[PDB]
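Below is one structure, written out as structure tokens, with a few remarks after it.
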Amino acid sequence: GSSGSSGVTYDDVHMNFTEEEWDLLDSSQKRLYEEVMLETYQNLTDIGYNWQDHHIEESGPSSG
Numbered sequence: 001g002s003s004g005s006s007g008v009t010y011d012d013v014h015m016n017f018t019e020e021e022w023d024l025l026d027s028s029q030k031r032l033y034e035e036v037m038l039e040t041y042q043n044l045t046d047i048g049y050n051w052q053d054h055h056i057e058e059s060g061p062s063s064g
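For the record, in the sequence shown the residue sitting at position 46 is 46 according to the entry's author numbering, with numbers rising by one throughout.
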């Protein structure tokens with residue numbers, strides 16, 4: 001910005017409920033936090049092709 005940085009205010013974490021807090025929430029919040037998870041986690045089938053397959057022969061010589 002000007003010199004360095006001492007803010008980093010993303011302003012996108014107004015629902016970071018932890019395990020403990022999860023118990024102090026309501027039915028709406030408990031579902032709201034999941035509405036975003038299920039949307040961005042299980043509904044991700046548009047990644048594309050898949051050809052990432054490697055094979056290791058494994059060989060450790062010991063001659064000499």
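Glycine included, every Cβ here is placed at the ideal spot set by N, Cα and C.
Look at residue 15 and residue 41 and say whether their C-beta atoms are less than 8 Å apart.
no
Quick one: what does DSSP say residue 23 is sitting in, helix, strand or coil?
Looking at residue 23 - three-state DSSP - the assignment turns out to be helix.
Indicate the three-state DSSP secondary structure (helix, strand or coil) for residue 13 in the structure shown.
coil
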